[PDB]
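[1] Fold the stuff below for me.
(chains A, B, C and D)
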Amino acid sequence: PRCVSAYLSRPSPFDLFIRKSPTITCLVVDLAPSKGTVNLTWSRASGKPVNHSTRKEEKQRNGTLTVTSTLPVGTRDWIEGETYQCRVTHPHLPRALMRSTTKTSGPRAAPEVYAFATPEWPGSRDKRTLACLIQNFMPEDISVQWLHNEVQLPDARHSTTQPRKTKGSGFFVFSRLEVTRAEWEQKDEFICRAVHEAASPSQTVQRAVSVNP
Amino acid sequence: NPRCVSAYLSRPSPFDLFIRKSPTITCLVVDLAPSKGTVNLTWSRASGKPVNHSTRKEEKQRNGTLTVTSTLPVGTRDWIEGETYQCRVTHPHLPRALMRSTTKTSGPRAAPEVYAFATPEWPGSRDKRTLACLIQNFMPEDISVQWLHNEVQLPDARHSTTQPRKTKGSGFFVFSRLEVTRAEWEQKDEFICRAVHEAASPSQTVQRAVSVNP
Amino acid sequence: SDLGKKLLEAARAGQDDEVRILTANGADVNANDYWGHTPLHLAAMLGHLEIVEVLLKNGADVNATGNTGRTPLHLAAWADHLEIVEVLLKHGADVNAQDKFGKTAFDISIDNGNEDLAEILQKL
Amino acid sequence: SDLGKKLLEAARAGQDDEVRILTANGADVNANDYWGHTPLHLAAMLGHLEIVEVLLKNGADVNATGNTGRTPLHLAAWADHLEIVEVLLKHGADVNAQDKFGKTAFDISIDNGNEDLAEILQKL
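    Numbers count the residues shown, from 1 in each chain, chains lettered A, B, ... in the order given. Okay, here it is:
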């Protein structure tokens, strides 16, 4: 059944702390194409002005329409706890849709980062897999990246899981990075890096891993 | 906040299917409005042959939701031979009825690679470690993961396993996490991450051992 | 004997490239699957309307014999795979073919309460 | 000075156990957050109607001074946190309190097209 839903994201810890240009995104899914345009309206709880946002539309495989708005937010404003609301307006829409977002609260705890290389498995031995467990952080907002030779790889190179609750109070996450013989041979140095608000200093924790130690 | 009743129909767990040889499928209906009368969940087979007695579960949710499930036992033969099963969901004030169907997932076959790892001792709790398991490059995506200590299977609730994600290639991968205690690895430092998967030969099982200490 | 076995798999899979490239070797467009179904059964149900004609093209029987008496027009009606149903009677699928239970195509239309299904199963 | 800082955090968090256990030490029910808000602001918006009264209980001002002029009745109206709005006028929240822009409570009711909001913002 077709049901329009809306999702409002917090800024990536990377964008927020590293690039210091945080954005939030309002995602609207399962729209019926050419049913007129959907309005996405941004607002602040304090009623102060919002920046210009970028809107993206893309017809989907399943013939739903997906619409996003990305709003740049002040680093100070966010970290100081501004609340931002996405309001979604549509013609064939009964109630309007409202998502809001603000800086996550609650206890903080910095991430533990562990990195691992798969042993050589038969078949492709010109490939290995690096994997990373980051766990026991809170809140759940985390950025993961991989570096080779101290330079960050394209995000598309790796897969990262959604934060799941640990048996305790924190969260954990896995990242997978397939690599090539060409890569680890020219330098067997890789880093799994996490960006997290609770990591001190500079909100970063990383761990090195080599294929052949 | 939106409320769109949705329905999900699962394939049998490879464990149930190949190991226990008592497969079941489950029809899950979410986001129902409680006490709006009862929802009908009706099972049927594409071949028109009889379905077993199913079990129905209802549980109100701390989000006002009502969740309803029906679990249907299916013949191992019938499933593996490609029977198709449908869940049909009927409701009072319901416009059009809901229908999910399921059949053995076909496509190319690929066995899982299983790699298991222990976390080094991290400051703070050093009476805990974390075991982790990467299973990857299997297809199709139906996989069961379990952990054993001393060759005996632990309760499923002890571990977390991820949803199958596509690898960069044709296969899938999955992560499992298992927190352990000093008491456990000290009495025997033997743990196994086991996968059950249709493509694993023989006997649909692949496992890997891991120890807290190198 | 051998070629056909592989075929049906894709008939349900929807490997069109294959499917078009299998009758190209001269496939048994009337193959059966451990349960007397032609691909046409399996196509019919899933929205592989991509390949549901590819069969009738290479001659597949508009009403095959499912070994529970069920001809693809049944195995279409099964699914709110609806546009698929339409074609079946373009060239005639038996409208009143009985399973071994005592069931035909028009039957399932309310077995699922499908109002559109009874609507078009009251025509040809 | 110190106790209050911790307080508001929970005022938004919704740590009721805490919140009830903070005025228990004699908390400044009229604390402000870097942006003149009492907890009452922060309660109002999020559905912490659990704690929105806990404040008024221990005396919180039914119309505090947000440093963008915004009194919690605004910060309620903001959110389709609707049942929350109801209480505000049970004991009177200023119905016509102006922000520094030139905006009040009745304002937001159509800023969001909220028909129910204009419905009950045309009463007391």
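
[2] for residue C:53, helix, strand, or coil?
    helix (DSSP: H, G, I helix; E, B strand; the rest coil).

[3] Check which helix or strand the nearest residue to it once chain neighbours are set aside maps to.
    Spatial nearest neighbour of residue C:53, excluding adjacent residues (Cβ to Cβ, 6 or more residues apart in numbering or on different chains): residue C:87 at 6.8 Å. Every C-beta, even on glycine, is put in place using the N, C-alpha and C of the backbone. Element membership for residue C:87 (DSSP states H and E) is helix C:82-88.

[4] Does anything pack onto that helix? Which helices or strands?
    helix C:52-57, helix C:72-77, helix C:115-120 (3 or more Cβ pairs under 8 Å, 6 or more residues apart in numbering or on different chains; DSSP states H and E).

[5] Give me the residues contacting the helix or strand immediately after that helix in the chain.
    Counting by DSSP H and E, the next helix or strand C-terminal to helix C:82-88 is helix C:105-111. Contacting residues not belonging to helix C:105-111 are listed as C:73-74, C:77-78, C:93-97, C:114, C:117-118, C:121-122 [Cβ atoms under 8 Å, 6 or more residues apart in numbering or on different chains].

[6] CA atoms only for helix C:105-111, dumped as CSV, please.
    Only the C-alpha atoms of helix C:105-111 are listed here, as CSV (Å, rounded to 0.1, in the frame of the first residue of the first chain):
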residue,chain,number,x,y,z
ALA,C,105,-10.9,-18.6,-12.8
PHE,C,106,-14.1,-16.6,-11.8
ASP,C,107,-13.9,-18.3,-8.4
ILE,C,108,-11.0,-16.5,-6.8
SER,C,109,-12.4,-13.1,-7.6
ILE,C,110,-14.3,-12.9,-4.3
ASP,C,111,-12.2,-15.5,-2.5
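
[7] any idea how far that helix is from the chain center?
    16 Å (Cα atoms, centre = their mean, to the nearest Å).

[8] hey, C-alpha coordinates of the longest helix along chain C in CSV?
    Secondary structure of chain C read by DSSP state H shows that its longest helix is helix C:2-13. In CSV, the C-alpha atoms belonging to helix C:2-13 read as follows (Å, rounded to 0.1, in the frame of the first residue of the first chain):
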residue,chain,number,x,y,z
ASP,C,2,17.8,-31.3,-19.7
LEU,C,3,17.5,-27.8,-21.2
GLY,C,4,13.9,-27.4,-19.9
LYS,C,5,14.8,-27.9,-16.3
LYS,C,6,17.0,-24.8,-16.3
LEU,C,7,14.3,-22.9,-18.2
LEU,C,8,11.4,-22.8,-15.7
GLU,C,9,13.7,-21.6,-13.0
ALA,C,10,14.2,-18.4,-15.0
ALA,C,11,10.5,-18.5,-15.9
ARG,C,12,9.8,-17.7,-12.3
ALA,C,13,13.0,-15.7,-11.9
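
[9] Now the element after that helix, going C-ward?
    helix C:16-20.

[10] Now do the helix or strand just after that following helix: which elements does it pack against?
    Counting by DSSP H and E, the element after helix C:16-20 in chain order, helix or strand, is helix C:39-45. Packing partners of helix C:39-45 (3+ Cβ pairs under 8 Å, 6+ apart): helix C:2-13, helix C:52-57, helix C:72-77.

[11] Of the ones you listed, flag the one that's most buried.
    Among the helices and strands packed on helix C:39-45, ranked by average contacts under mean count of other Cβ atoms under 10 Å in any protein chain shown, first place goes to helix C:72-77 (a mean of 28).

[12] ok, residues contacting stretch A:193-206?
    Residues from elsewhere that reach stretch A:193-206 (Cβ under 8 Å, 6+ apart): A:12-14, A:16-18, A:108-113, A:134, A:137-139, A:141-147, A:152, A:191-192.

[13] which ones among those residues are found in strands?
    Assigned to strands by DSSP state E, the following of the contacts of stretch A:193-206 qualify: A:112-113, A:134, A:137, A:143-147, A:152, A:191-192.

[14] Show me which pair in the residues you listed is furthest apart.
    Greatest spatial distance in the ones in strands among the contacts of stretch A:193-206: A:112 and A:152, 21.0 Å, computed using Cβ to Cβ.

[15] And the two? Which one has more around it.
    residue A:112 (21 against 13; other Cβ atoms under 10 Å in any protein chain shown).

[16] got the contact list for the more buried one?
    With contact set as Cβ under 8 Å, 6+ apart, residue A:112 has these partners: A:133-137, A:205, B:119, B:122.

[17] Pull up the gap between it and residue A:150, please.
    22 Å (Cβ to Cβ, to the nearest Å).

[18] And for residue A:183, the neighbour number?
    Residue A:183 has 18 neighbouring residues, counting by other Cβ under 10 Å.

[19] do the same with residue A:210
    Residue A:210: 13 neighbours (other Cβ under 10 Å).

[20] Excluding residues flanking it in the chain, which one is nearest it?
    Distances taken as Cβ to Cβ, 6+ apart put residue A:188 closest to residue A:210, at 4.3 Å, once the chain neighbours are dropped.

[21] so the one you found touches residue A:182, yeah?
    No. Residue A:188 is beyond contact range of residue A:182, at 11.8 Å (criterion: Cβ atoms under 8 Å).

[22] The two - which one has more neighbours?
    Per other Cβ under 10 Å, whichever of residue A:188 and residue A:182 has more neighbours is residue A:188, with 17 against 8.

[23] contacting residues for the more buried one?
    Taking Cβ under 8 Å, 6+ apart, one finds A:210-212 in contact with residue A:188.

[24] give me that answer again for 10 Å
    A:117, A:148-149, A:179, A:208-213 (Cβ atoms under 10 Å, 6 or more residues apart in numbering or on different chains).

[25] What is the nearest of those residues to chain C?
    residue A:179 (31.9 Å; Cβ to the nearest Cβ).

[26] what's the distance between residue C:104 and chain A?
    Separation of residue C:104 from chain A (Cβ to the nearest Cβ, to the nearest Å): 29 Å.

[27] quick one: that residue and residue C:96 touch, right?
    Yes. The pair residue C:104 and residue C:96 qualifies as a contact (Cβ atoms under 10 Å) at a distance of 5.1 Å.

[28] Quick check: neighbours shared by the two?
    Taking Cβ under 10 Å, 6+ apart as the criterion, residue C:104 and residue C:96 both touch residue C:73.

[29] higher neighbour count, the two?
    More crowded of residue C:104 and residue C:96, by other Cβ under 10 Å: residue C:104, with 19 against 9.

[30] list the contacts for the more buried one?
    Neighbour list for residue C:104: C:69-71, C:73-74, C:77, C:94-98, C:121 [criterion: Cβ under 10 Å, 6+ apart].

[31] Out of the residues you listed, just show me the ones up against chain B, please.
    C:69-70, C:74 (Cβ under 10 Å from any Cβ of the partner chain).

[32] What count of nearby residues applies to the residue of chain C found nearest chain D?
    Chain C approaches chain D most closely through residue C:115 (33.3 Å), counting by Cβ to the nearest Cβ. A count of nearby residues for residue C:115, using other Cβ under 10 Å, gives 10.

[33] Next up, the contacts around it.
    B:96, C:109.

[34] cool, and residue A:190?
    Residue A:190 neighbours (Cβ under 10 Å, 6+ apart): A:115, A:117, A:128, A:130, A:132, A:146-150, A:153, A:177, A:179, A:183-184, A:207-211.

[35] Can you go through the residues you listed and name the buried ones?
    Buried subset of the contacts of residue A:190 (neighbour count, 16 or more other Cβ atoms under 10 Å in any protein chain shown): A:115, A:117, A:128, A:130, A:132, A:146, A:148, A:153, A:177, A:179, A:183-184, A:207, A:209, A:211.

[36] In helices only, show me these.
    Those of the buried ones among the contacts of residue A:190 lying in helices (DSSP H): A:183-184.

[37] Done for today, thanks.
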